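**Student:** Before I ask anything, here is the structure I am working with.
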Amino acid sequence: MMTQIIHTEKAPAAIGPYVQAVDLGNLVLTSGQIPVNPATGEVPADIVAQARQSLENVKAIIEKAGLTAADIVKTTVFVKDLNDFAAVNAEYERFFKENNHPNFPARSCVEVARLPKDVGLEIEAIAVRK
Amino acid sequence: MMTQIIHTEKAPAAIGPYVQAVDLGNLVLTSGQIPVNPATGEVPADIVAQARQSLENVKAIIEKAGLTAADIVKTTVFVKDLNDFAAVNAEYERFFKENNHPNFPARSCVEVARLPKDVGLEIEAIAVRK
Amino acid sequence: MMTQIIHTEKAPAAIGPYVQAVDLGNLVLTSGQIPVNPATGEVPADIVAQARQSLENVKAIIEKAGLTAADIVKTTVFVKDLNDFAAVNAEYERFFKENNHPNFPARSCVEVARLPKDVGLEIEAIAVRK
């Protein structure tokens, strides 16, 4: 039996009051990831670049656990500019099907006032593996 | 056995990286719905009208699956004006009990900066059926 | 068998379209709590004081049910000032381990535009008890 707690060597890492992710068993969940630039360690200005890195981090954790984005049941993403979603949404959906994730997980994205680390976007989705 | 994926002919419909809703089986979940005006296809200015339509869409999906709002375990709603919640909250609670939903599902509403489609409100709640 | 619904005599109490909390059984969930000052009934200006009270309310409900913060699988908290998180995060993590909550539940905090009751912060986390 297992419950939450998900270690990995790709995500932003956990060193505070939270872990990289949580594996409840059969139903996984990813914390509010962020485009922690691999060279700046924060959030690339390139809404597309930062948007792509954030997706890799969220998947890296779920992948290190033994799953895939395709399994993602639901997904949530906070944006600092709903006008930029045009590029993120176009690439967000184009990658899922390009990764074999046509299931299309639930969505819950909204324009928040701000985000941790001044990040221009956050990612938090759920995944299953029945 | 089932997992996520919920089709319907009432909700805003899914044509991107997400589905109308997701049925994990026994525990359903609705995506961030929106008052997609049946005549404008976006969000009626009438905070009350748009607030009512949004509730119907969220219920239409759960209803098309085989459940009811009364079963809703938790609920989340983003507002663009916490001052308007006075009318939404008054009608939100008056409809639940009027629909046989006295259980009172969890709440998680907050004043967000913006919302998809420039909608003045979003709805995302969970439902059970043990 | 049980499903949602969690009564208590410590939390902000439920008198509208939502209950104090919801106990799905084995997997609990707390609604968007708030620092409802015990003397003002709203939200203390002391970001630290209000931040501490909010934590007690969220735990009071889960405690009245038969669990602890340590069991918390995931956690979400809306802030009105990401600059204040420096004090909340420092005390948030210092209390978990001080309460025996080193598990570190998932995180999902963001700077929202506003919050119910003009509260300067909201709390909503999940808990397990397998």
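Order determines the names: the first chain of the structure tokens is A, the second B, and so forth; residues in each chain are numbered 1 upward, and ligands are numbered 1 upward as they are shown.
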Could I have chain A as a compact mmCIF listing (two decimals) with C-alpha atoms, in the first residue's frame after it is superimposed on chain B by least squares, pairing all C-alpha atoms in sequence order?

**Tutor:**
# COMPACT_ATOMS: atom_id res chain seq x y z
CA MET A 1 -14.76 -0.32 -15.40
CA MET A 2 -14.64 3.34 -16.42
CA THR A 3 -12.34 6.35 -16.10
CA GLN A 4 -12.96 10.02 -16.88
CA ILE A 5 -14.51 11.07 -20.19
CA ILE A 6 -18.06 12.45 -20.13
CA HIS A 7 -19.93 13.28 -23.34
CA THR A 8 -23.10 15.38 -23.48
CA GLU A 9 -25.23 17.61 -25.72
CA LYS A 10 -25.78 20.53 -23.34
CA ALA A 11 -22.45 21.62 -21.87
CA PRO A 12 -20.03 23.97 -23.71
CA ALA A 13 -18.68 20.87 -25.47
CA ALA A 14 -15.04 19.81 -25.79
CA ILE A 15 -13.03 20.49 -28.93
CA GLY A 16 -9.59 21.18 -27.50
CA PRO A 17 -7.21 19.60 -24.95
CA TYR A 18 -10.07 18.72 -22.59
CA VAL A 19 -13.36 16.81 -22.48
CA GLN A 20 -16.79 18.05 -21.38
CA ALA A 21 -16.20 16.24 -18.09
CA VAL A 22 -14.60 13.17 -16.51
CA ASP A 23 -16.25 10.12 -14.96
CA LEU A 24 -13.75 8.23 -12.78
CA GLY A 25 -16.55 5.89 -11.73
CA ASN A 26 -18.54 6.44 -8.53
CA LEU A 27 -16.72 9.76 -8.16
CA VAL A 28 -17.40 12.21 -11.00
CA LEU A 29 -15.83 15.59 -11.69
CA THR A 30 -16.86 18.58 -13.82
CA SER A 31 -14.41 20.83 -15.66
CA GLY A 32 -14.35 24.60 -15.30
CA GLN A 33 -17.70 25.31 -16.94
CA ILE A 34 -18.70 28.77 -18.17
CA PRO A 35 -21.94 30.73 -18.87
CA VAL A 36 -21.63 30.16 -22.62
CA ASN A 37 -24.72 32.17 -23.53
CA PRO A 38 -27.11 30.05 -25.68
CA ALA A 39 -27.59 33.12 -27.88
CA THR A 40 -24.16 34.78 -27.63
CA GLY A 41 -21.98 31.79 -26.87
CA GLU A 42 -19.78 33.44 -24.25
CA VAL A 43 -21.14 34.89 -21.01
CA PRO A 44 -24.36 36.91 -20.42
CA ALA A 45 -23.88 40.27 -18.70
CA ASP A 46 -26.69 39.37 -16.32
CA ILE A 47 -24.61 38.02 -13.45
CA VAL A 48 -27.78 36.19 -12.42
CA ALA A 49 -28.62 34.88 -15.89
CA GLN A 50 -25.05 33.80 -16.59
CA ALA A 51 -24.82 32.37 -13.08
CA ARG A 52 -27.93 30.28 -13.68
CA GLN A 53 -26.85 29.02 -17.11
CA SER A 54 -23.45 28.00 -15.75
CA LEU A 55 -25.20 25.90 -13.11
CA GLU A 56 -27.33 24.19 -15.75
CA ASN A 57 -24.31 23.34 -17.89
CA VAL A 58 -22.44 21.83 -14.95
CA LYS A 59 -25.54 19.84 -14.01
CA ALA A 60 -26.35 18.94 -17.61
CA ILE A 61 -23.04 17.09 -17.88
CA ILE A 62 -23.43 15.33 -14.55
CA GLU A 63 -27.06 14.59 -15.39
CA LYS A 64 -26.17 13.16 -18.79
CA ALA A 65 -23.80 10.85 -16.91
CA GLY A 66 -26.39 9.65 -14.42
CA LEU A 67 -26.17 11.83 -11.32
CA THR A 68 -27.46 15.04 -9.73
CA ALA A 69 -26.17 18.23 -8.12
CA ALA A 70 -27.35 16.90 -4.76
CA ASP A 71 -24.62 14.26 -5.04
CA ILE A 72 -22.00 16.98 -5.51
CA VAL A 73 -19.39 16.44 -2.79
CA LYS A 74 -17.43 19.66 -3.36
CA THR A 75 -17.74 22.77 -5.53
CA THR A 76 -15.47 25.56 -6.77
CA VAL A 77 -16.41 28.81 -8.50
CA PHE A 78 -14.22 31.69 -9.67
CA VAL A 79 -15.76 35.17 -9.58
CA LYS A 80 -14.77 38.40 -11.29
CA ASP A 81 -16.63 40.44 -8.67
CA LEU A 82 -16.93 39.23 -5.07
CA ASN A 83 -19.56 41.96 -4.72
CA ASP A 84 -21.80 40.08 -7.14
CA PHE A 85 -21.52 36.87 -5.11
CA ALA A 86 -24.30 38.33 -2.96
CA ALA A 87 -26.78 37.49 -5.72
CA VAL A 88 -25.07 34.30 -6.87
CA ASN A 89 -24.74 32.91 -3.35
CA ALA A 90 -28.37 33.75 -2.58
CA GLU A 91 -29.54 31.94 -5.71
CA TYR A 92 -26.85 29.25 -5.52
CA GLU A 93 -28.04 27.99 -2.13
CA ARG A 94 -31.71 28.63 -2.88
CA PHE A 95 -31.51 26.29 -5.88
CA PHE A 96 -29.68 23.43 -4.17
CA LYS A 97 -32.32 22.96 -1.51
CA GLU A 98 -34.89 23.69 -4.21
CA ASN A 99 -33.40 20.79 -6.17
CA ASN A 100 -32.96 18.53 -3.13
CA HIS A 101 -29.29 19.33 -2.59
CA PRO A 102 -29.28 20.17 1.17
CA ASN A 103 -26.12 18.09 1.61
CA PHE A 104 -24.22 21.30 0.88
CA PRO A 105 -21.04 20.36 -1.07
CA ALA A 106 -17.67 21.83 -0.12
CA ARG A 107 -16.93 25.34 -1.38
CA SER A 108 -13.88 26.95 -2.98
CA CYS A 109 -14.82 30.25 -4.61
CA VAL A 110 -12.43 33.19 -5.01
CA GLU A 111 -12.04 36.44 -6.94
CA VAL A 112 -9.71 35.59 -9.82
CA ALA A 113 -8.00 38.14 -12.05
CA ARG A 114 -9.62 36.80 -15.22
CA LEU A 115 -11.30 33.75 -16.75
CA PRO A 116 -11.30 31.83 -20.07
CA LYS A 117 -13.49 33.39 -22.77
CA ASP A 118 -13.60 36.56 -20.67
CA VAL A 119 -16.33 34.80 -18.69
CA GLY A 120 -17.43 36.58 -15.53
CA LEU A 121 -17.54 33.30 -13.62
CA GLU A 122 -16.39 29.68 -13.74
CA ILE A 123 -17.74 26.47 -12.21
CA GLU A 124 -15.91 23.28 -11.24
CA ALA A 125 -17.36 20.81 -8.73
CA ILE A 126 -17.06 17.14 -7.82
CA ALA A 127 -19.81 14.55 -7.42
CA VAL A 128 -20.22 11.06 -5.97
CA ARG A 129 -22.63 8.15 -6.38
CA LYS A 130 -21.73 5.40 -3.91

**Student:** Write out as a ChimeraX atom specification all residues of chain B that backbone DSSP assigns to strand (DSSP E or B).

**Tutor:** /B:6,21-23,27-30,33,72-79,106-107,110-111,114,121-128

**Student:** Extract the full set of helix (DSSP H, G or I) residues from chain A according to DSSP on the backbone, and format it as a count of residues only.

**Tutor:** 40
